[PDB]
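Quick notes on the structure that follows.
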Amino acid sequence: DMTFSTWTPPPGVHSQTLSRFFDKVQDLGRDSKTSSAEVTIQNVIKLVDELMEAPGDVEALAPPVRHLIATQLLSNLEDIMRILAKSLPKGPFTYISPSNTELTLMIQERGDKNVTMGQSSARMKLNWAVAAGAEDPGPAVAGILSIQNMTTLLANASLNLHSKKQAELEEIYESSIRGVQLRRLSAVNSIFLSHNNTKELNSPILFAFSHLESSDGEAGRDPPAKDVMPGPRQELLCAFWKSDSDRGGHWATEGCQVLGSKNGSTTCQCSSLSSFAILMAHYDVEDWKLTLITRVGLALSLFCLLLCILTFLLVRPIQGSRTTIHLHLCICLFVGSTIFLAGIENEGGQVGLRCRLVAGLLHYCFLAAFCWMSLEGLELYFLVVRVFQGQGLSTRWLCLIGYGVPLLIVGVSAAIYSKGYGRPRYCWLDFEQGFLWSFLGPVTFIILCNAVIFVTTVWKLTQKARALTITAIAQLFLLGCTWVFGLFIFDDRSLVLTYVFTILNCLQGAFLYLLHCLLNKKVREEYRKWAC
Ligand SMILES: *[C@@H]1O[C@H](CO)[C@@H](O)[C@H](O)[C@H]1NC(C)=O
Ligand SMILES: *[C@@H]1O[C@H](CO)[C@@H](O)[C@H](O)[C@H]1NC(C)=O
Ligand SMILES: *[C@@H]1O[C@H](CO)[C@@H](O)[C@H](O)[C@H]1NC(C)=O
């Protein structure tokens with residue numbers, strides 16, 4: 001037969017088990033027969049099977065060395081199959097190893113017929129023109145090899161993501177990717193033509209790769225594979241093995257695309273030919289998490305609001321409409337901050353029911369606190385207009401307005417934009433599909449109402465209540481500034497605006513407690529009465 005290639009380890013690599021494998025490869029190639037060429041190919045495949053079954057000291061090597069060895073082994077297997085392919089007559093050649101390694105070969109004359117080959121692991125529909133070769137005048141050579149336990153060699157493999165592929169993935173996930181963990185599905189490991197120049201195809205070729213299930217039952221009787229449910233943080237790879245100058249080799253996905261997956265199969269279309277395999281690759285991505293600074297600041301604001309609520313609940317001299325409004329505004333702020341601490345973080349998952357509920361209650365607590373501030377302004381207006389006679393406004397109407405107007409707004413918005421609640425990064429509203437206008441509508445309308453109320457109250461007072469109007473205006477400004485800076489903490493790469501948001505929460509709690517409780521004299525007298 002024709003001269004066989006000498007199989008050598010990669011330079012600088014020492015391994016006794018691999019040397020034992022290559023010595024048998026060389027001796028078999030020395031003693032191979034023309035009628036045993038396809039036997040020689042199967043024997044080489046069985047030697048690969050034994051090498052997998054006896055990993056030895058290969059795993060003790062560096063991963064880049066192991067990947068380089070695996071690339072060399074698959075390349076040599078392609079070379080020896082190509083060499084002995086011309087030694088075989090025309091026709092298909094299909095063999096299954098006792099270690100369940102499938103190899104398909106096919107020899108036909110030159111032509112442009114659409115040829116669909118494959119038995120179990122894969123189905124390759126290719127144009128036969130490229131199988132003949134650009135310069136080879138002999139019969140066309142093409143084949144597919146599938147080996148199941150490259151995990152012996154391809155452990156902790158690396159995936160090189162293309163720049164535009166990274167840009168698309170980060171647009172999909174809306175932040176950076178730490179890395180990729182690779183879990184393959186198929187045993188397909190080699191697709192080759194007659195000539196070695198298969199780096200580019202003038203026409204894409206379709207493949208139907210099936211993924212074997214490692215069942216412990218009788219072989220050949222298993223049903224077709226059940227489809228794996230795709231998760232949020234994972235997408236399906238029609239990948240190939242490409243050598244690398246720095247780490248031996250890596251997985252790559254460019255030039256290939258996914259078309260569908262059913263009956264235990266995945267349909268891929270590729271612009272080139274190489275070692276193809278289907279990966280079920282989970283992407284490791286960091287999730288936006290509140291910093292310790294922000295958590296401590298929110299805890300301090302919660303403490304201040306708790307002191308406020310206890311004071312407004314227990315100090316009996318100060319009971320009134322203003323105290324009721326401050327009580328309920330502090331309650332809404334406390335509940336909103338508690339929900340923010342407990343559920344703004346989305347721990348690297350999809351937008352579930354809990355995340356959507358957290359976004360809904362955050363919006364409700366927002367609108368309720370804002371409407372209770374508006375109620376405080378409205379009662380100041382009513383007090384000034386009636387020239388301080390009184391009777392206020394009943395707490396039942398106050399609780400209807402400040403807890404039902406937000407309920408109506410949130411219910412309507414969640415009935416229209418149910419998909420706009422919760423994001424994969426944080427449990428807060430998403431402003432796509434015109435949700436920004438529908439969210440700023442009620443907010444800007446109540447801002448306009450508050451501004452009208454405050455300017456009318458100031459105008460009426462110009463013709464102790466001016467101090468209350470100033471305090472209400474400053475409190476509204478502080479709450480609005482806190483919320484506005486609470487919307488830009490998620491976007492910013494450098495969390496310097498989170499410092500401002502934390503400081504604004506701290507100042508909001510301190511402002512409420514100082515102005516409404518500490519600077520109050522009846523509150524202090526009640527405090528010393530309790531502490532006596
Ligand atoms: C493949 O063989 C390795 C040992 O070399 C073993 O750890 C692994 O579980 C096997 N996997 C399958 C699917 O046989
Ligand atoms: C990746 O390699 C590390 C050792 O660096 C090992 O602890 C870990 O189990 C490996 N994980 C996979 C999926 O190979
Ligand atoms: C393959 O699955 C589809 C449903 O996705 C089913 O309609 C079809 O009958 C199945 N065929 C085989 C051979 O399992």
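If I stretch the segment between residue 135 and residue 183 completely, what's the gain in nm (0.36 nm per residue apart, minus their alpha carbon distance), one decimal?
13.4 nm
Please work out how much length the chain gains when fully extended from residue 19 to residue 218, using 0.36 nm per residue of separation minus the C-alpha to C-alpha distance, in nm with one decimal.
Gain on extension, residue 19 to residue 218, equals 68.2 nm.
Between their Cα atoms, which of 86/262; 125/165; 226/289 are more than 29 Å away from each other?
86/262; 226/289
Mind listing the long-range amide H neighbours of residue 184? Cut-off is under 5 Å, sequence gap 5 or more, other chains count too, H placed in the peptide plane at 1.01 Å from N.
Sorted by chain and number, the residues that satisfy this are 280.
With the cut-off at 1.5 for a/c, could you classify segment 149-214 from its C-alpha gyration tensor as rounded, prolate or oblate?
oblate
Rg (Å, one decimal) plus Dmax (Å, integer) for the alpha carbons of the chain?
Values for the chain (Cα only, Rg and Dmax): 35.7, 115 Å.
Here are some pairs, 113/242; 464/521; 33/90; 90/113; which of them have Cα atoms lying more than 20 Å apart in this structure?
Violating the 20 Å Cα-Cα cut-off are 113/242.
Starting from the Cα-Cα distance between residue 33 and residue 286, subtract it from 0.36 nm times their residue separation and give me the gain in nm to one decimal.
Answer, rounded to one decimal: 85.3 nm.
Sequence neighbours fewer than 8 away in the same chain don't count; with that in mind, list the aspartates and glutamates whose C-alpha is under 15 Å from residue 199.
78, 244, 254
Modelling each spin label as a point 7 Å along the Cα-to-Cβ direction, I'd like the residue 350/residue 168 distance in nm, to one decimal.
My value for the distance between the label points is 2.1 nm.
Return the Cα extents of segment 83-216 along principal axes one, two and three, sorted largest first, each rounded to a whole Å.
54, 41, 22
What does the charge count near residue 67 come to, summing +1 for each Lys or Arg and -1 for each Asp or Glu among other residues with Cβ under 9 Å from its Cβ?
Net charge in that neighbourhood comes out at +1.
With a sphere of radius 11 Å drawn around the Cβ of residue 197, what net charge do the other residues whose Cβ falls strictly inside it have (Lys, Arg +1; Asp, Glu -1)?
Computed value for this residue: -2.
Post the alpha-carbon centroid distance, segment 418-460 to segment 286-309, in whole angstrom.
23
Methodologically, a virtual Cβ is constructed for each residue, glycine included, from the backbone with ideal geometry; neighbour enumeration extends over all protein chains shown. Each reported figure results from applying straightforward, stated rules to the coordinates on display, with no laboratory input.
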